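See structure below.
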RNA sequence: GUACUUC
Ligand SMILES: [Zn+2]
Ligand SMILES: [Zn+2]
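Here is the structure:
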């Protein structure tokens, strides 16, 4: 659902490189290897932490009972 | 007058039948509706069934069968039918034409890939 | 055995020891003599031509040859004929 | 090297496609359920339930009033009734009509309830006139992604606007605010003789063998009845029927030569006849026909055979009184013996039934290995929605049974004026129950 | 052995009938045959002192099937295609008209 | 439990205060016993740990 | 009935089955198997059958295993010679896969059976009514998509992968041999590198997880629910995880596994979790 | 015709009863009376043979 | 072994292979009480049984 | 009462 900040095993500040990672995939054409490492992620657990996220919050936000449609 | 159909029989044809004691016998085959009953002029007769006809579609095979059914012979018009009997009248080898479409086979060049 | 009120069982079993002078080539003789053989197991085929003309029946019962049925199932005419005349009929 | 999707996944998370949704395999996963309940509306003849009430039979009853030996013979006029049309169209509600939503349906803690319209073809005196009438029979519960719910041809983006799932699956009922699913049912092969060797036939069969072969016909509306054939050590062979809670043993002859005219060598000719060498055919066939002539020597043609069938089975299906043995006999017959051939199927019905019993002789002669009631050789799968339609067809006739019982109950207490009045049709139509939805 | 065809027609007059196996063919009474003209459908009936003929021609599926017949001698060795409408029949009797009220 | 069939119940919640640490810095959050493979034979977890190691390395 | 049979190959999954009493009772359908839910109105199956050379039903007058009884669904048309059944057994295959035949539906059941070994009554079966099951399969001659049912694979042999295919003793090939697995089994990576007692033991686990039921929470009124928040998609996965949109429903997560007996608090059936992981919300759900 | 131990009739299309269970040299049909029989049917003979299926033994296994 | 039997016209049709098969599986050449088959097995631990 | 699940 939400971006898991402060990875349980590593502990790095990881809840900030999400939108930066998305921008690297949007208008930079860099692949997963050199871009995810360029963010500043060097340990194994922090590599899989950001890479595995599913960001299901977009599906959890398409239903608002306080707004017409 | 059962049933209430269209029209009773009025036209007949005479069959030249001698009844020889080598012997003039009947010839019946089986064929579908989409056939060449009018545009075909030749048909090869052979031994135990192994043959093939050659027309536009070109997939046929004349089958034979050894092993009943009575056939009426209209000797004249007023009765339009008789009973075929020599001593009724049996048969020997009924014909049934089939359509053996040649199945394209054995291409073991693209399915067997390293 | 424990609870079903043990009675005549599907496959009854009994073990019989033997002396030291008897041999295996003599034990099989008692095996064939004691082993009960069905009367129907000495027939090749059962062909019968039922006639009518007053019902009439004829029964022709093919058997094996002497070396087959008499050497395999140790029976002969003095027992096979007595059972086919006193029990089968 | 199957790299996962992040840009495509982010795009489909931002907005679903306005066109046909992606990954259609998930939509095809419920093709059995969606296609099953949707089959009763599409196709010819209005679907399953429409052709079912088409081939449902017409039932009549008399009254206690005279007209004016033959005068006293006629005991009363004829009133006719039969279910002509049945149709579910669309769920709606009111205080014009307004449209309901499934999300609001389970939020209301109720079931998704539409409405069912019934069209009655009321007749009198063999069609002298018809009192047309249409009455609703409550609401019919419908699942999602069906022909009744509005989620059939709705875009997935509009599904998000309707408080639904972006990839909604559907195909499951909802009742009393909780969801619910109909379990798929397992049956055996349809329209195929099944060989079975089971000692259970010896329990209910007094001195009968363990052989057996069965046939499960199927009507066009998928309702069926099981017709099996046993084996008799004496030499004969008998069917068994299946009614409410009753079994009917019957010899093969009195129902084989009773459909139409077949009493000739066509029976023995239908038997294997390439060679007359083996006599296992002769002893069984002669003993079978001898077992038919020894019982009733005055039964030779299908007419009198059908008279005896209608006579013994006159008061079993409640077909009375004007339906004589020649009507009730053919009626119960075509409904009891391999109904899958349908009406006018007597042209080759003897050929299919003879092939069934001849496979029994081939099963007892010892050249056909028995099948298995649990193997996938004869594994059929009722998708649940078809069973739901069969329950509808079955539990609709109870209204017909209740209105004919209401008429024959009102005729007991008298004071039943002629039924040619519309207000009399109404006063007799309100006494019968009409809530099928519950 | 290729062979040619000589005789063709447009209206049939011959018929093959299937009653059962082993018909002694008494041949003592002429039975009538009613025709039609869909296409390729015929019927026939007859009457006797204990027998009545009743035969139809595959009313279910006959319009998509046709049989022919011919003849050949050792000198001729050729056949003549003649339309033979096949017919299945069932010998009927009269033991009707009995019913219980 | 995983997708390979092996199951397990949480015995006692224990922090990184005494668990074996790696030379890199990562702390193993969950620990499974190697004494189940002789009988349960869940080597799928072995081949998928190497595959998962490369799939995340 | 509890035990399975090899005839269930590719029809019902031999892997998805619970433990205990429901063993062998309930086992859902295959992966890509189809179910014909309507009768295709053909009215031409006999129109091409007896035209191919099949004798009619009213003028055959035979029986026994020496003749192949061709059986349409419900209706019969007659029996022919066994050699005719052999040629028709492959002729109907070619005309079925060929698209120029308007009178032959793709979802047509066709079966052939030899008469030897005292098998059941031979013939030529034809079906396709309701309650009928299908599954995809590839036909080698003029390679094209095809489907079979519960009677085809009984007699005629199939090839699972284009490496065991050999000459003139095969008729059909399978595209991906994992289509026999279920949704849980095919999603399980390297299901071939485990045991069947582990596949039945895990079938209940995957079918008892605590994943996301669907994004309808604020508009659902069912009795009880469960929801996680650390839903992560597995790194290793099959192409069906994406083909089924399973990414839309995250059910678990990924953690580092350390195979080691250092804990001592576990013996071949227990587990231990990091307190720091629980502080981050290791499998935190409500 | 005549097949096995039973003779059929064509004038009414059915089969007749046993000439021994009823009076001899004169038998009738079941639905209509006809001039019958000619009292020259046949000498009735028929053959039955066991298919050798339910006869298991050790020598039946060695003959294979 | 061939034997011929006669019978009157009271019964018309009977089963031959069945009524003979029953008696074929009911006649016993020699009746040894409560035993039908014996086997000479292999001696276990030198104890011939 | 009917169905479902835990070793
Ligand atoms: Zn980390
Ligand atoms: Zn007669």
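Residue numbers (the authors' numbering), protein chains in the order written: chain D, 1 to 69; chain X, 24 to 44, 49 to 94, 106 to 125, 130 to 156; chain U, 1225 to 1277, 1287 to 1322; chain Z, 13 to 80, 85 to 111, 117 to 459; chain L, 8 to 44, 47 to 110; chain H, 918 to 974; chain Y, 517 to 802; chain A, 2 to 65; chain G, 1470 to 1518. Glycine is no exception: its CB is placed at the ideal position from the N, C-alpha and C atoms.
Inset, instruction - Taking 5 Å as the limit, tell me which residues put their C-beta closer than that to any heavy atom of ligand 1, in chain order. - result: Matched residues: 7/D, 10/D, 45/D, 46/D and 49/D.
Legend entry - Interface flag, residue 1239/U vs chain A, CB-CB below 7 Å: It does not; no Cβ of chain A falls within 7 Å.
Inset, instruction - Please work out which residues of its chain come closer than 7 Å, Cβ to Cβ, to residue 164/Z, disregarding the five sequence neighbours upstream and downstream, and give them in chain order. - result: 49, 191, 192, 193 and 194, listed in sequence order.
Legend entry - First through last residue of the alpha helix (DSSP H) which encompasses residue 259/Z: Counting along the chain, residue 259/Z sits inside no alpha helix (DSSP H); it lies in the beta strand (DSSP E) bounded by residues 259 to 261.
Legend entry - Neighbourhood of ligand 2 [Cβ distance below 5 Å to any heavy atom], ordered by chain position: Listed by chain position, these are 10/A, 13/A and 30/A.
Legend entry - CA nearest to the CA of residue 20/A, picked from 1498/G, 1516/G, 1501/G and 1479/G: Among 1498/G, 1516/G, 1501/G and 1479/G, the Cα nearest to that of residue 20/A belongs to 1479/G.
Inset, instruction - Could you list which residues in chain A have their beta carbon closer than 7 Å to that of residue 1513/G, in chain order? - result: Per Cβ cutoff of 7 Å: no residues; residue 1513/G is ~24 Å from chain A at best.
Legend entry - Option nearest residue 54/D by Cα separation, candidates 794/Y, 770/Y, 801/Y and 778/Y: The residue among 794/Y, 770/Y, 801/Y and 778/Y with its C-alpha nearest the C-alpha of residue 54/D is 770/Y.
Legend entry - residue 11/A at chain L interface by Cβ criterion, 7 Å: Residue 11/A counts as touching chain L.
Legend entry - Rounded separation between residue 109/X and residue 24/L - CA only: Rounded to the nearest whole angstrom, the C-alpha separation of residue 109/X and residue 24/L is 6 Å.
Legend entry - Segment limits, beta strand (DSSP E) that includes residue 201/Z: Counting along the chain, residue 201/Z sits inside the beta strand (DSSP E) bounded by residues 199 to 201.
Inset, instruction - Using a cut-off of 8 Å between C-beta atoms, extract the partners of residue 322/Z located in chain A. - result: Near residue 322/Z (Cβ distances below 8 Å), the residues of chain A are 32.
Legend entry - Local Cβ density within 10 Å of residue 50/X, reported as buried at 16 or more and exposed below that: Exposed, by the Cβ-count rule.
Inset, instruction - Pick helix, strand or coil for residue 276/Z, following the three-state DSSP scheme. - result: The answer is helix: DSSP assigns residue 276/Z an H, G or I state.
Inset, instruction - Can you have a look at residue 22/L and say buried or exposed, based on whether 16 or more other CB atoms are within 10 angstroms of its CB? - result: Buried, since its Cβ has 16 or more Cβ neighbours within 10 Å.
Legend entry - 7 Å Cβ cutoff met for residue 781/Y and residue 928/H: Pairing residue 781/Y with residue 928/H gives a Cβ-Cβ distance under 7 Å.
Inset, instruction - Just confirm the distance between the C-beta atoms of residue 937/H and residue 551/Y, as a whole number of angstroms; I'd bet it's less than 8 Å. - result: With a contact defined as Cβ atoms closer than 8 Å, residue 937/H and residue 551/Y miss out at about 53 Å.
Inset, instruction - Would you give the residue range spanned by the beta strand (DSSP E) that residue 66/Z belongs to? - result: In this chain, residue 66/Z is not harboured by any beta strand (DSSP E); it is covered by the alpha helix (DSSP H) spanning 60 to 66.
Inset, instruction - Spell out whether any CB of chain Y is found under 7 Å from the CB atom of residue 20/L. - result: At least 7 Å separates the CB of residue 20/L from every CB of chain Y.
Legend entry - Anticipated Cβ contact below 8 Å, residue 672/Y with residue 637/Y, distance rounded: A Cβ-Cβ distance of about 18 Å is found for the pair residue 672/Y and residue 637/Y, leaving them out of contact under the 8 Å criterion.
Inset, instruction - Determine the burial state of residue 46/L: buried for a count of at least 16 other Cβ atoms within 10 Å of its Cβ, exposed for fewer. - result: Structure remark: chain L lacks residues between 44 and 47, so residue 46/L is without coordinates.
Inset, instruction - Please check if any C-beta of chain D sits within less than 7 Å of the C-beta of residue 749/Y. - result: So yes, residue 749/Y belongs to the interface.
Inset, instruction - Over the uninterrupted alpha helix (DSSP H) stretch that includes residue 972/H, give me the two end residues. - result: Per DSSP, residue 972/H belongs to the alpha helix (DSSP H) from 961 to 973.
Inset, instruction - Give a yes or no on whether 7 Å exceeds the smallest Cβ distance from residue 714/Y to chain H. - result: In terms of beta-carbon proximity, residue 714/Y lines the interface with chain H, with at least one pair separated by less than 7 Å.
Inset, instruction - Pick out whichever of 341/Z, 264/Z, 222/Z and 243/Z has its Cα sitting closest to the Cα of residue 253/Z. - result: Closest option to residue 253/Z, Cα to Cα, is 222/Z.
Inset, instruction - Tell me where the alpha helix (DSSP H) around residue 669/Y begins and ends. - result: Where residue 669/Y is concerned, the enclosing alpha helix (DSSP H) starts and stops at 668 to 671.
Inset, instruction - To the nearest angstrom, report how far apart residue 124/X and residue 622/Y are at their CA atoms. - result: Taking the straight line from one Cα to the other gives about 53 Å.
Legend entry - Ranges of the alpha helix (DSSP H) found wholly within the region 130 to 190 of chain Z, counting only runs of at least 4: Those alpha helix (DSSP H) runs which fall completely within the region 130 to 190 of chain Z and span 4+ residues are 177 to 182.
Inset, instruction - Using a cut-off of 7 Å between C-beta atoms, extract the partners of residue 364/Z located in chain A. - result: What residue 364/Z touches in chain A: nothing, since even the nearest Cβ is about 26 Å away.
Legend entry - 8 Å CB neighbourhood of residue 524/Y in its chain, flanking five on each side removed: Excluding sequence neighbours, residue 524/Y sits near 530.
Legend entry - chain A contact for residue 60/L (CB, 7 Å cutoff): Closer than 7 Å: yes.
Inset, instruction - Mind the definition here: the region 1254 to 1271 of chain U touches the region 1493 to 1506 of chain G only if three or more C-beta pairs lie below 8 Å; say whether that holds. - result: Enough Cβ pairs lie closer than 8 Å, so yes.
Inset, instruction - Just confirm the distance between the C-beta atoms of residue 67/L and residue 97/L, as a whole number of angstroms; I'd bet it's less than 8 Å. - result: Contact between residue 67/L and residue 97/L holds, with the beta-carbon distance rounding to 7 Å and staying under 8 Å.
Legend entry - 7 Å Cβ cutoff met for residue 273/Z and residue 258/Z: Yes. Within cutoff.
Inset, instruction - Give a yes or no on whether 7 Å exceeds the smallest Cβ distance from residue 27/D to chain Z. - result: The Cβ of residue 27/D sits no closer than 7 Å to any Cβ of chain Z.
Legend entry - Segments assigned alpha helix (DSSP H), at least 4 residues, entirely inside the region 296 to 371 of chain Z: Listed in chain order, the alpha helix (DSSP H) elements of length 4 or more contained wholly in the region 296 to 371 of chain Z are 301 to 314, 323 to 333 and 346 to 355.
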